[PDB]
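Participant: What follows is input21.pdb, PDB, N, CA and C atoms.
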```pdb
MODEL        1
ATOM      1  N   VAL A   3     -18.917  -7.256  25.966
ATOM      2  CA  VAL A   3     -19.341  -6.430  27.132
ATOM      3  C   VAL A   3     -18.261  -6.484  28.220
ATOM      4  N   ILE A   4     -17.035  -6.149  27.879
ATOM      5  CA  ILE A   4     -15.921  -6.168  28.886
ATOM      6  C   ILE A   4     -15.037  -4.922  28.696
ATOM      7  N   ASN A   5     -14.495  -4.401  29.761
ATOM      8  CA  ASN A   5     -13.650  -3.186  29.644
ATOM      9  C   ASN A   5     -12.570  -3.217  30.724
ATOM     10  N   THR A   6     -12.102  -4.381  31.088
ATOM     11  CA  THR A   6     -11.063  -4.454  32.157
ATOM     12  C   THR A   6      -9.782  -5.093  31.619
ATOM     13  N   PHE A   7      -8.653  -4.585  32.042
ATOM     14  CA  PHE A   7      -7.314  -5.096  31.562
ATOM     15  C   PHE A   7      -7.242  -6.630  31.464
ATOM     16  N   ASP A   8      -6.894  -7.274  32.530
ATOM     17  CA  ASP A   8      -6.780  -8.767  32.549
ATOM     18  C   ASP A   8      -8.012  -9.388  31.912
ATOM     19  N   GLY A   9      -9.171  -8.916  32.278
ATOM     20  CA  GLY A   9     -10.430  -9.472  31.691
ATOM     21  C   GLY A   9     -10.353  -9.444  30.156
ATOM     22  N   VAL A  10     -10.015  -8.314  29.578
ATOM     23  CA  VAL A  10      -9.932  -8.239  28.090
ATOM     24  C   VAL A  10      -8.792  -9.147  27.597
ATOM     25  N   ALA A  11      -7.663  -9.097  28.262
ATOM     26  CA  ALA A  11      -6.494  -9.937  27.867
ATOM     27  C   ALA A  11      -6.893 -11.416  27.869
ATOM     28  N   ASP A  12      -7.416 -11.883  28.979
ATOM     29  CA  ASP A  12      -7.853 -13.298  29.062
ATOM     30  C   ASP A  12      -8.798 -13.597  27.919
ATOM     31  N   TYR A  13      -9.775 -12.751  27.737
ATOM     32  CA  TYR A  13     -10.749 -12.932  26.629
ATOM     33  C   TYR A  13      -9.990 -13.118  25.311
ATOM     34  N   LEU A  14      -9.082 -12.222  25.036
ATOM     35  CA  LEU A  14      -8.301 -12.297  23.772
ATOM     36  C   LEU A  14      -7.320 -13.480  23.787
ATOM     37  N   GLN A  15      -6.585 -13.684  24.859
ATOM     38  CA  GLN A  15      -5.640 -14.843  24.887
ATOM     39  C   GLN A  15      -6.414 -16.177  24.776
ATOM     40  N   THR A  16      -7.673 -16.216  25.151
ATOM     41  CA  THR A  16      -8.446 -17.513  25.095
ATOM     42  C   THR A  16      -9.365 -17.561  23.865
ATOM     43  N   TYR A  17     -10.137 -16.522  23.641
ATOM     44  CA  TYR A  17     -11.104 -16.516  22.501
ATOM     45  C   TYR A  17     -10.553 -15.691  21.320
ATOM     46  N   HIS A  18      -9.524 -14.905  21.539
ATOM     47  CA  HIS A  18      -8.936 -14.071  20.430
ATOM     48  C   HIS A  18      -9.953 -13.062  19.876
ATOM     49  N   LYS A  19     -11.220 -13.335  19.987
ATOM     50  CA  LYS A  19     -12.223 -12.381  19.447
ATOM     51  C   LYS A  19     -12.312 -11.152  20.353
ATOM     52  N   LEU A  20     -12.107 -10.000  19.796
ATOM     53  CA  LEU A  20     -12.193  -8.740  20.596
ATOM     54  C   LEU A  20     -13.489  -8.746  21.414
ATOM     55  N   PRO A  21     -13.395  -8.500  22.698
ATOM     56  CA  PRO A  21     -14.579  -8.485  23.593
ATOM     57  C   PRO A  21     -15.817  -7.872  22.907
ATOM     58  N   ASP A  22     -16.932  -8.554  22.997
ATOM     59  CA  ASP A  22     -18.198  -8.079  22.359
ATOM     60  C   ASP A  22     -18.640  -6.752  22.988
ATOM     61  N   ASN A  23     -18.007  -5.679  22.583
ATOM     62  CA  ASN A  23     -18.343  -4.326  23.135
ATOM     63  C   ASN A  23     -17.305  -3.278  22.682
ATOM     64  N   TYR A  24     -16.495  -3.600  21.697
ATOM     65  CA  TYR A  24     -15.438  -2.637  21.226
ATOM     66  C   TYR A  24     -15.702  -2.158  19.795
ATOM     67  N   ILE A  25     -15.037  -1.103  19.393
ATOM     68  CA  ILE A  25     -15.227  -0.586  18.005
ATOM     69  C   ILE A  25     -13.951   0.118  17.539
ATOM     70  N   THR A  26     -13.679   0.107  16.252
ATOM     71  CA  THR A  26     -12.450   0.799  15.739
ATOM     72  C   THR A  26     -12.677   2.312  15.801
ATOM     73  N   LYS A  27     -11.625   3.077  15.976
ATOM     74  CA  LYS A  27     -11.778   4.559  16.007
ATOM     75  C   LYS A  27     -12.633   4.969  14.799
ATOM     76  N   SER A  28     -12.248   4.549  13.618
ATOM     77  CA  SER A  28     -13.040   4.877  12.384
ATOM     78  C   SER A  28     -14.540   4.626  12.618
ATOM     79  N   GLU A  29     -14.931   3.398  12.892
ATOM     80  CA  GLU A  29     -16.372   3.095  13.139
ATOM     81  C   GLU A  29     -16.918   4.078  14.188
ATOM     82  N   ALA A  30     -16.296   4.134  15.347
ATOM     83  CA  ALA A  30     -16.773   5.080  16.403
ATOM     84  C   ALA A  30     -16.898   6.494  15.815
ATOM     85  N   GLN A  31     -15.853   6.957  15.171
ATOM     86  CA  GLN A  31     -15.857   8.331  14.574
ATOM     87  C   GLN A  31     -16.917   8.443  13.467
ATOM     88  N   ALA A  32     -16.949   7.496  12.557
ATOM     89  CA  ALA A  32     -17.946   7.555  11.447
ATOM     90  C   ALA A  32     -19.365   7.338  11.988
ATOM     91  N   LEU A  33     -19.512   6.578  13.042
ATOM     92  CA  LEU A  33     -20.873   6.353  13.617
ATOM     93  C   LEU A  33     -21.372   7.672  14.236
ATOM     94  N   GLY A  34     -20.477   8.598  14.507
ATOM     95  CA  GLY A  34     -20.906   9.918  15.086
ATOM     96  C   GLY A  34     -20.061  10.281  16.314
ATOM     97  N   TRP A  35     -19.134   9.449  16.703
ATOM     98  CA  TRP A  35     -18.292   9.788  17.890
ATOM     99  C   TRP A  35     -17.487  11.062  17.587
ATOM    100  N   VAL A  36     -17.768  12.143  18.275
ATOM    101  CA  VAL A  36     -17.031  13.428  18.008
ATOM    102  C   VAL A  36     -16.329  13.941  19.287
ATOM    103  N   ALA A  37     -15.137  14.492  19.148
ATOM    104  CA  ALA A  37     -14.391  15.015  20.341
ATOM    105  C   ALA A  37     -15.185  16.133  21.026
ATOM    106  N   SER A  38     -15.690  17.085  20.285
ATOM    107  CA  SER A  38     -16.461  18.191  20.934
ATOM    108  C   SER A  38     -17.871  17.697  21.265
ATOM    109  N   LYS A  39     -17.947  16.564  21.904
ATOM    110  CA  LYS A  39     -19.264  15.975  22.289
ATOM    111  C   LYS A  39     -19.028  14.728  23.145
ATOM    112  N   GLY A  40     -18.176  13.835  22.693
ATOM    113  CA  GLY A  40     -17.902  12.591  23.478
ATOM    114  C   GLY A  40     -19.159  11.725  23.502
ATOM    115  N   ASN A  41     -20.006  11.900  22.520
ATOM    116  CA  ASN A  41     -21.263  11.104  22.443
ATOM    117  C   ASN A  41     -20.908   9.623  22.430
ATOM    118  N   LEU A  42     -21.542   8.868  23.272
ATOM    119  CA  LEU A  42     -21.256   7.413  23.340
ATOM    120  C   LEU A  42     -22.314   6.741  24.209
ATOM    121  N   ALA A  43     -22.460   7.177  25.416
ATOM    122  CA  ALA A  43     -23.477   6.567  26.329
ATOM    123  C   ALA A  43     -24.853   6.596  25.665
ATOM    124  N   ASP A  44     -25.069   7.536  24.792
ATOM    125  CA  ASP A  44     -26.385   7.649  24.099
ATOM    126  C   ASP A  44     -26.497   6.559  23.022
ATOM    127  N   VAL A  45     -25.679   6.642  22.010
ATOM    128  CA  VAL A  45     -25.713   5.636  20.909
ATOM    129  C   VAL A  45     -25.216   4.275  21.407
ATOM    130  N   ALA A  46     -24.380   4.261  22.401
ATOM    131  CA  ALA A  46     -23.876   2.960  22.929
ATOM    132  C   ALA A  46     -23.725   3.078  24.448
ATOM    133  N   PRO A  47     -24.830   2.982  25.149
ATOM    134  CA  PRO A  47     -24.874   3.115  26.635
ATOM    135  C   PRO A  47     -24.011   2.083  27.371
ATOM    136  N   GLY A  48     -22.750   1.988  27.045
ATOM    137  CA  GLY A  48     -21.872   1.016  27.771
ATOM    138  C   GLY A  48     -20.895   0.358  26.804
ATOM    139  N   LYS A  49     -20.350   1.115  25.900
ATOM    140  CA  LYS A  49     -19.402   0.527  24.926
ATOM    141  C   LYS A  49     -18.039   1.215  25.029
ATOM    142  N   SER A  50     -16.972   0.503  24.763
ATOM    143  CA  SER A  50     -15.611   1.141  24.852
ATOM    144  C   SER A  50     -14.885   1.060  23.503
ATOM    145  N   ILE A  51     -14.324   2.157  23.045
ATOM    146  CA  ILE A  51     -13.615   2.141  21.723
ATOM    147  C   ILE A  51     -12.383   1.236  21.772
ATOM    148  N   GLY A  52     -11.984   0.750  20.636
ATOM    149  CA  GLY A  52     -10.788  -0.125  20.586
ATOM    150  C   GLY A  52     -10.940  -1.108  19.446
ATOM    151  N   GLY A  53      -9.847  -1.580  18.934
ATOM    152  CA  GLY A  53      -9.915  -2.567  17.818
ATOM    153  C   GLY A  53      -9.268  -2.010  16.550
ATOM    154  N   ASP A  54      -8.462  -0.998  16.658
ATOM    155  CA  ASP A  54      -7.827  -0.440  15.438
ATOM    156  C   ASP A  54      -6.691  -1.345  14.991
ATOM    157  N   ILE A  55      -5.940  -0.892  14.078
ATOM    158  CA  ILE A  55      -4.801  -1.691  13.547
ATOM    159  C   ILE A  55      -3.537  -0.830  13.476
ATOM    160  N   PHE A  56      -2.427  -1.396  13.856
ATOM    161  CA  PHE A  56      -1.135  -0.653  13.808
ATOM    162  C   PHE A  56       0.027  -1.633  13.565
ATOM    163  N   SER A  57       1.068  -1.178  12.898
ATOM    164  CA  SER A  57       2.249  -2.057  12.610
ATOM    165  C   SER A  57       3.331  -1.866  13.687
ATOM    166  N   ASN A  58       3.268  -0.794  14.427
ATOM    167  CA  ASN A  58       4.275  -0.548  15.517
ATOM    168  C   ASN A  58       5.682  -0.308  14.946
ATOM    169  N   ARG A  59       5.777   0.184  13.741
ATOM    170  CA  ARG A  59       7.121   0.477  13.153
ATOM    171  C   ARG A  59       7.868   1.411  14.109
ATOM    172  N   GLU A  60       7.142   2.252  14.801
ATOM    173  CA  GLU A  60       7.778   3.198  15.754
ATOM    174  C   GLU A  60       8.434   2.401  16.885
ATOM    175  N   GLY A  61       8.197   1.117  16.929
ATOM    176  CA  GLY A  61       8.819   0.275  17.991
ATOM    177  C   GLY A  61       8.384   0.759  19.375
ATOM    178  N   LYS A  62       7.123   1.058  19.544
ATOM    179  CA  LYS A  62       6.631   1.528  20.872
ATOM    180  C   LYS A  62       6.152   0.322  21.685
ATOM    181  N   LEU A  63       5.986  -0.802  21.038
ATOM    182  CA  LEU A  63       5.504  -2.036  21.737
ATOM    183  C   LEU A  63       6.369  -3.221  21.276
ATOM    184  N   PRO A  64       6.301  -4.363  21.935
ATOM    185  CA  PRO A  64       7.116  -5.551  21.531
ATOM    186  C   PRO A  64       7.044  -5.824  20.013
ATOM    187  N   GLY A  65       8.149  -6.226  19.428
ATOM    188  CA  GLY A  65       8.177  -6.482  17.958
ATOM    189  C   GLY A  65       8.858  -7.824  17.661
ATOM    190  N   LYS A  66       9.182  -8.042  16.420
ATOM    191  CA  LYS A  66       9.819  -9.323  15.971
ATOM    192  C   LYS A  66       9.882  -9.274  14.436
ATOM    193  N   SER A  67       9.947 -10.402  13.781
ATOM    194  CA  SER A  67       9.945 -10.392  12.287
ATOM    195  C   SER A  67       8.511 -10.102  11.818
ATOM    196  N   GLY A  68       8.149  -8.845  11.709
ATOM    197  CA  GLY A  68       6.753  -8.497  11.291
ATOM    198  C   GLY A  68       5.828  -8.625  12.510
ATOM    199  N   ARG A  69       5.504  -7.521  13.164
ATOM    200  CA  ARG A  69       4.612  -7.595  14.363
ATOM    201  C   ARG A  69       3.376  -6.713  14.149
ATOM    202  N   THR A  70       2.234  -7.202  14.577
ATOM    203  CA  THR A  70       0.955  -6.435  14.436
ATOM    204  C   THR A  70       0.546  -5.927  15.821
ATOM    205  N   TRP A  71       0.210  -4.659  15.960
ATOM    206  CA  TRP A  71      -0.198  -4.138  17.312
ATOM    207  C   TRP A  71      -1.580  -3.444  17.241
ATOM    208  N   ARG A  72      -2.404  -3.620  18.255
ATOM    209  CA  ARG A  72      -3.766  -2.981  18.269
ATOM    210  C   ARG A  72      -4.114  -2.557  19.708
ATOM    211  N   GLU A  73      -4.873  -1.499  19.854
ATOM    212  CA  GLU A  73      -5.210  -1.037  21.217
ATOM    213  C   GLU A  73      -6.715  -1.178  21.553
ATOM    214  N   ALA A  74      -7.072  -0.870  22.788
ATOM    215  CA  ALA A  74      -8.511  -0.956  23.226
ATOM    216  C   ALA A  74      -8.737  -0.129  24.513
ATOM    217  N   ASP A  75      -9.856   0.583  24.596
ATOM    218  CA  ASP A  75     -10.149   1.426  25.816
ATOM    219  C   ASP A  75     -10.358   0.532  27.040
ATOM    220  N   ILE A  76     -10.114   1.049  28.219
ATOM    221  CA  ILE A  76     -10.309   0.229  29.451
ATOM    222  C   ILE A  76     -10.979   1.090  30.535
ATOM    223  N   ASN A  77     -11.706   0.452  31.423
ATOM    224  CA  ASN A  77     -12.390   1.174  32.540
ATOM    225  C   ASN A  77     -13.326   2.275  32.011
ATOM    226  N   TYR A  78     -14.264   1.929  31.161
ATOM    227  CA  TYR A  78     -15.228   2.951  30.645
ATOM    228  C   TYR A  78     -16.648   2.531  31.017
ATOM    229  N   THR A  79     -17.533   3.479  31.118
ATOM    230  CA  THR A  79     -18.949   3.158  31.459
ATOM    231  C   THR A  79     -19.884   3.909  30.514
ATOM    232  N   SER A  80     -20.081   5.165  30.806
ATOM    233  CA  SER A  80     -20.988   6.025  29.983
ATOM    234  C   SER A  80     -20.551   7.490  30.079
ATOM    235  N   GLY A  81     -19.911   8.004  29.071
ATOM    236  CA  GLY A  81     -19.478   9.441  29.101
ATOM    237  C   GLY A  81     -18.248   9.599  28.216
ATOM    238  N   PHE A  82     -17.083   9.730  28.800
ATOM    239  CA  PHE A  82     -15.848   9.856  27.974
ATOM    240  C   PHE A  82     -14.833   8.791  28.408
ATOM    241  N   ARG A  83     -13.657   8.823  27.843
ATOM    242  CA  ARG A  83     -12.617   7.817  28.205
ATOM    243  C   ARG A  83     -11.879   8.268  29.476
ATOM    244  N   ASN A  84     -10.633   7.894  29.591
ATOM    245  CA  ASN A  84      -9.813   8.283  30.774
ATOM    246  C   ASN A  84      -8.334   8.024  30.437
ATOM    247  N   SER A  85      -7.587   7.417  31.325
ATOM    248  CA  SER A  85      -6.146   7.150  31.029
ATOM    249  C   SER A  85      -5.892   5.638  30.975
ATOM    250  N   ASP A  86      -6.871   4.850  31.365
ATOM    251  CA  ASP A  86      -6.727   3.361  31.349
ATOM    252  C   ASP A  86      -6.804   2.828  29.914
ATOM    253  N   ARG A  87      -5.703   2.372  29.364
ATOM    254  CA  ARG A  87      -5.742   1.845  27.961
ATOM    255  C   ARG A  87      -4.962   0.515  27.863
ATOM    256  N   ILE A  88      -5.510  -0.469  27.153
ATOM    257  CA  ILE A  88      -4.819  -1.801  27.016
ATOM    258  C   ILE A  88      -4.238  -1.973  25.602
ATOM    259  N   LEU A  89      -3.124  -2.654  25.505
ATOM    260  CA  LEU A  89      -2.485  -2.871  24.179
ATOM    261  C   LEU A  89      -2.301  -4.375  23.961
ATOM    262  N   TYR A  90      -2.730  -4.879  22.824
ATOM    263  CA  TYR A  90      -2.582  -6.359  22.535
ATOM    264  C   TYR A  90      -2.005  -6.552  21.122
ATOM    265  N   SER A  91      -1.140  -7.524  20.944
ATOM    266  CA  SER A  91      -0.479  -7.722  19.605
ATOM    267  C   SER A  91      -0.989  -8.961  18.859
ATOM    268  N   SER A  92      -0.431  -9.204  17.694
ATOM    269  CA  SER A  92      -0.811 -10.403  16.878
ATOM    270  C   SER A  92      -0.676 -11.632  17.744
ATOM    271  N   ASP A  93       0.469 -11.752  18.320
ATOM    272  CA  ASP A  93       0.798 -12.902  19.194
ATOM    273  C   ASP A  93      -0.046 -12.848  20.480
ATOM    274  N   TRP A  94      -0.932 -11.894  20.566
ATOM    275  CA  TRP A  94      -1.824 -11.745  21.753
ATOM    276  C   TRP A  94      -1.056 -11.252  22.983
ATOM    277  N   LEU A  95       0.133 -10.735  22.825
ATOM    278  CA  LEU A  95       0.859 -10.216  24.019
ATOM    279  C   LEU A  95       0.121  -8.969  24.479
ATOM    280  N   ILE A  96      -0.243  -8.895  25.716
ATOM    281  CA  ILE A  96      -1.013  -7.713  26.181
ATOM    282  C   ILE A  96      -0.199  -6.871  27.165
ATOM    283  N   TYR A  97      -0.245  -5.588  26.959
ATOM    284  CA  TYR A  97       0.483  -4.634  27.843
ATOM    285  C   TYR A  97      -0.531  -3.596  28.308
ATOM    286  N   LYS A  98      -0.266  -2.896  29.385
ATOM    287  CA  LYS A  98      -1.276  -1.899  29.873
ATOM    288  C   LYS A  98      -0.670  -0.506  30.107
ATOM    289  N   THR A  99      -1.415   0.528  29.799
ATOM    290  CA  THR A  99      -0.927   1.916  30.058
ATOM    291  C   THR A  99      -2.067   2.691  30.737
ATOM    292  N   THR A 100      -1.760   3.370  31.808
ATOM    293  CA  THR A 100      -2.795   4.136  32.598
ATOM    294  C   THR A 100      -2.471   5.625  32.561
ATOM    295  N   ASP A 101      -1.536   6.019  31.747
ATOM    296  CA  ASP A 101      -1.198   7.470  31.665
ATOM    297  C   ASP A 101      -1.553   7.995  30.271
ATOM    298  N   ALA A 102      -2.621   7.510  29.697
ATOM    299  CA  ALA A 102      -3.049   7.998  28.351
ATOM    300  C   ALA A 102      -1.965   7.728  27.299
ATOM    301  N   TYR A 103      -1.752   6.490  26.969
ATOM    302  CA  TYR A 103      -0.737   6.144  25.935
ATOM    303  C   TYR A 103       0.652   6.657  26.354
ATOM    304  N   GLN A 104       1.055   6.449  27.582
ATOM    305  CA  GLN A 104       2.416   6.928  28.031
ATOM    306  C   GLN A 104       3.258   5.714  28.467
ATOM    307  N   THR A 105       3.037   5.198  29.652
ATOM    308  CA  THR A 105       3.858   4.028  30.123
ATOM    309  C   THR A 105       3.135   2.705  29.798
ATOM    310  N   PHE A 106       3.777   1.844  29.048
ATOM    311  CA  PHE A 106       3.153   0.534  28.670
ATOM    312  C   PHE A 106       3.736  -0.620  29.516
ATOM    313  N   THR A 107       3.216  -0.838  30.698
ATOM    314  CA  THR A 107       3.714  -1.970  31.525
ATOM    315  C   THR A 107       3.113  -3.271  30.999
ATOM    316  N   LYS A 108       3.892  -4.311  31.011
ATOM    317  CA  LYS A 108       3.409  -5.633  30.510
ATOM    318  C   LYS A 108       2.463  -6.279  31.519
ATOM    319  N   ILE A 109       1.473  -6.977  31.037
ATOM    320  CA  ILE A 109       0.533  -7.687  31.949
ATOM    321  C   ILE A 109       0.437  -9.164  31.526
ATOM    322  N   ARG A 110       0.631  -9.447  30.256
ATOM    323  CA  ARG A 110       0.563 -10.860  29.757
ATOM    324  C   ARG A 110       1.660 -11.067  28.699
TER     325      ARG A 110
ENDMDL
END
```
Have the structure of the file written as structure tokens, please.

Facilitator:
Amino acid sequence: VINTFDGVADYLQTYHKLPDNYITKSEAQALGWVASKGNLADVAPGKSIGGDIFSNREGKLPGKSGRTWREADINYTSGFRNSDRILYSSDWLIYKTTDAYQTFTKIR
């Protein structure tokens, strides 16, 4: 039940378990999450998407000898998303972007 940058980062840097309130795009999409609807507050009155998996071969986030990268929605309540998005890696390095997957400033 968390959707804030540092809050999610701390949660992950300390408990590593994705905040109890996130879902992978697939699950969200397969559960019924549709773009021409943005259904979410109904089936999940307070949940934020996030928890997918990515290798970052595009080198869009910090890398090394084999790096794992995953994202998560931020600042959501009930309705649709916005531009606040958090990025966390295998090593738990967390970065933040507020321009809809555009500028990734580091936070942890």

Participant: Counting all atoms listed in the file, what is within 6.5 Å of residue 52 of chain A, bar same-chain residues fewer than 5 positions away, as a PyMOL selection string?

Facilitator: chain A and resi 24-27+73-75

Participant: Using all atoms listed in the file, which residues sit within 6.5 Å of residue 101 of chain A once same-chain residues fewer than 6 positions away are excluded, as a PyMOL selection string?

Facilitator: chain A and resi 85-87

Participant: Write down as a ChimeraX atom specification the residues belonging to chain A that are assigned alpha helix (DSSP H) by DSSP computed on the backbone.

Facilitator: /A:7-17,27-33

Participant: Mind telling me what the PyMOL selection byres ((chain A and resi 70) around 6.5) catches here, as a list in words?

Facilitator: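 Checked against the file, the PyMOL selection byres ((chain A and resi 70) around 6.5) matches residues 56, 57, 58, 68, 69, 71, 72, 90, 91, 92 and 93 of chain A.
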
Participant: For N, CA and C atoms, I'd like the residues from the last selection saved as a compact mmCIF listing (two decimals), keeping the file's coordinate frame.

Facilitator:
```txt
# COMPACT_ATOMS: atom_id res chain seq x y z
N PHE A 56 -2.43 -1.40 13.86
CA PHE A 56 -1.14 -0.65 13.81
C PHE A 56 0.03 -1.63 13.56
N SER A 57 1.07 -1.18 12.90
CA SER A 57 2.25 -2.06 12.61
C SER A 57 3.33 -1.87 13.69
N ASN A 58 3.27 -0.79 14.43
CA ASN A 58 4.28 -0.55 15.52
C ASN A 58 5.68 -0.31 14.95
N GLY A 68 8.15 -8.85 11.71
CA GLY A 68 6.75 -8.50 11.29
C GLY A 68 5.83 -8.62 12.51
N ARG A 69 5.50 -7.52 13.16
CA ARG A 69 4.61 -7.60 14.36
C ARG A 69 3.38 -6.71 14.15
N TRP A 71 0.21 -4.66 15.96
CA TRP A 71 -0.20 -4.14 17.31
C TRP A 71 -1.58 -3.44 17.24
N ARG A 72 -2.40 -3.62 18.26
CA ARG A 72 -3.77 -2.98 18.27
C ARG A 72 -4.11 -2.56 19.71
N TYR A 90 -2.73 -4.88 22.82
CA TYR A 90 -2.58 -6.36 22.54
C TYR A 90 -2.00 -6.55 21.12
N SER A 91 -1.14 -7.52 20.94
CA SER A 91 -0.48 -7.72 19.60
C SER A 91 -0.99 -8.96 18.86
N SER A 92 -0.43 -9.20 17.69
CA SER A 92 -0.81 -10.40 16.88
C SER A 92 -0.68 -11.63 17.74
N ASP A 93 0.47 -11.75 18.32
CA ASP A 93 0.80 -12.90 19.19
C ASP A 93 -0.05 -12.85 20.48
```

Participant: So how many Å separate atom C of residue 61 of chain A and atom C of residue 83 of chain A, to one decimal?

Facilitator: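 We find that atom C of residue 61 of chain A and atom C of residue 83 of chain A lie 23.9 Å from each other.
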
Participant: My list of candidates is A:20, A:62, A:43, A:11. Which is closest to residue 110 of chain A when distances are computed with all atoms listed in the file?

Facilitator: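 Of all the options, A:11 lies closest to residue 110 of chain A.
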
Participant: Starting from the PyMOL selection byres ((chain A and resi 106) around 8), expand the selection into actual residues of this file and give them as a list in words.

Facilitator: residues 62, 63, 89, 96, 97, 98, 99, 100, 101, 103, 104, 105, 107, 108 and 109 of chain A

Participant: Next, the residues of the selection above should be written as a PDB file, in the coordinates of the input with N, CA and C atoms.

Facilitator:
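What follows is the written file part32.pdb:
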```
ATOM      1  N   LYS A  62       7.123   1.058  19.544  1.00  0.00           N
ATOM      2  CA  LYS A  62       6.631   1.528  20.872  1.00  0.00           C
ATOM      3  C   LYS A  62       6.152   0.322  21.685  1.00  0.00           C
ATOM      4  N   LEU A  63       5.986  -0.802  21.038  1.00  0.00           N
ATOM      5  CA  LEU A  63       5.504  -2.036  21.737  1.00  0.00           C
ATOM      6  C   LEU A  63       6.369  -3.221  21.276  1.00  0.00           C
ATOM      7  N   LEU A  89      -3.124  -2.654  25.505  1.00  0.00           N
ATOM      8  CA  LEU A  89      -2.485  -2.871  24.179  1.00  0.00           C
ATOM      9  C   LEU A  89      -2.301  -4.375  23.961  1.00  0.00           C
ATOM     10  N   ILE A  96      -0.243  -8.895  25.716  1.00  0.00           N
ATOM     11  CA  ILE A  96      -1.013  -7.713  26.181  1.00  0.00           C
ATOM     12  C   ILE A  96      -0.199  -6.871  27.165  1.00  0.00           C
ATOM     13  N   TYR A  97      -0.245  -5.588  26.959  1.00  0.00           N
ATOM     14  CA  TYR A  97       0.483  -4.634  27.843  1.00  0.00           C
ATOM     15  C   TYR A  97      -0.531  -3.596  28.308  1.00  0.00           C
ATOM     16  N   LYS A  98      -0.266  -2.896  29.385  1.00  0.00           N
ATOM     17  CA  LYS A  98      -1.276  -1.899  29.873  1.00  0.00           C
ATOM     18  C   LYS A  98      -0.670  -0.506  30.107  1.00  0.00           C
ATOM     19  N   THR A  99      -1.415   0.528  29.799  1.00  0.00           N
ATOM     20  CA  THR A  99      -0.927   1.916  30.058  1.00  0.00           C
ATOM     21  C   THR A  99      -2.067   2.691  30.737  1.00  0.00           C
ATOM     22  N   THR A 100      -1.760   3.370  31.808  1.00  0.00           N
ATOM     23  CA  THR A 100      -2.795   4.136  32.598  1.00  0.00           C
ATOM     24  C   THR A 100      -2.471   5.625  32.561  1.00  0.00           C
ATOM     25  N   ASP A 101      -1.536   6.019  31.747  1.00  0.00           N
ATOM     26  CA  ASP A 101      -1.198   7.470  31.665  1.00  0.00           C
ATOM     27  C   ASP A 101      -1.553   7.995  30.271  1.00  0.00           C
ATOM     28  N   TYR A 103      -1.752   6.490  26.969  1.00  0.00           N
ATOM     29  CA  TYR A 103      -0.737   6.144  25.935  1.00  0.00           C
ATOM     30  C   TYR A 103       0.652   6.657  26.354  1.00  0.00           C
ATOM     31  N   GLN A 104       1.055   6.449  27.582  1.00  0.00           N
ATOM     32  CA  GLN A 104       2.416   6.928  28.031  1.00  0.00           C
ATOM     33  C   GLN A 104       3.258   5.714  28.467  1.00  0.00           C
ATOM     34  N   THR A 105       3.037   5.198  29.652  1.00  0.00           N
ATOM     35  CA  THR A 105       3.858   4.028  30.123  1.00  0.00           C
ATOM     36  C   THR A 105       3.135   2.705  29.798  1.00  0.00           C
ATOM     37  N   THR A 107       3.216  -0.838  30.698  1.00  0.00           N
ATOM     38  CA  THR A 107       3.714  -1.970  31.525  1.00  0.00           C
ATOM     39  C   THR A 107       3.113  -3.271  30.999  1.00  0.00           C
ATOM     40  N   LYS A 108       3.892  -4.311  31.011  1.00  0.00           N
ATOM     41  CA  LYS A 108       3.409  -5.633  30.510  1.00  0.00           C
ATOM     42  C   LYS A 108       2.463  -6.279  31.519  1.00  0.00           C
ATOM     43  N   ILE A 109       1.473  -6.977  31.037  1.00  0.00           N
ATOM     44  CA  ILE A 109       0.533  -7.687  31.949  1.00  0.00           C
ATOM     45  C   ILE A 109       0.437  -9.164  31.526  1.00  0.00           C
TER      46      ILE A 109
END
```

Participant: Would you return as JSON, numbers by chain the members of chain A that DSSP assigns to strand (DSSP E or B) on this structure's backbone?

Facilitator: {"A": [24, 25, 50, 51, 52, 56, 71, 72, 73, 74, 75, 87, 88, 89, 90, 91, 96, 97, 98, 99, 107, 108]}

Participant: Between A:31, A:84, A:16, A:5, which has the minimum distance to residue 49 of chain A (counting only C-alpha atoms)?

Facilitator: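 Nearest candidate to residue 49 of chain A out of A:31, A:84, A:16, A:5: A:5.
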
Participant: Calculate how many Å separate atom N of residue 32 of chain A from atom CA of residue 13 of chain A, rounding to one decimal.

Facilitator: 25.6 Å

Participant: Could you list, as a list in words, every residue matched by the PyMOL selection byres (((chain A and resi 44 and name CA) around 12) and name CA) in this structure?

Facilitator: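 When the PyMOL selection byres (((chain A and resi 44 and name CA) around 12) and name CA) is applied, the selected residues are residues 33, 34, 35, 39, 40, 41, 42, 43, 45, 46, 47, 48, 49, 79, 80, 81 and 82 of chain A.
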
Participant: So what do you get for atom CA of residue 10 of chain A versus atom CA of residue 66 of chain A, distance-wise?

Facilitator: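 Going from atom CA of residue 10 of chain A over to atom CA of residue 66 of chain A covers 23.2 Å.
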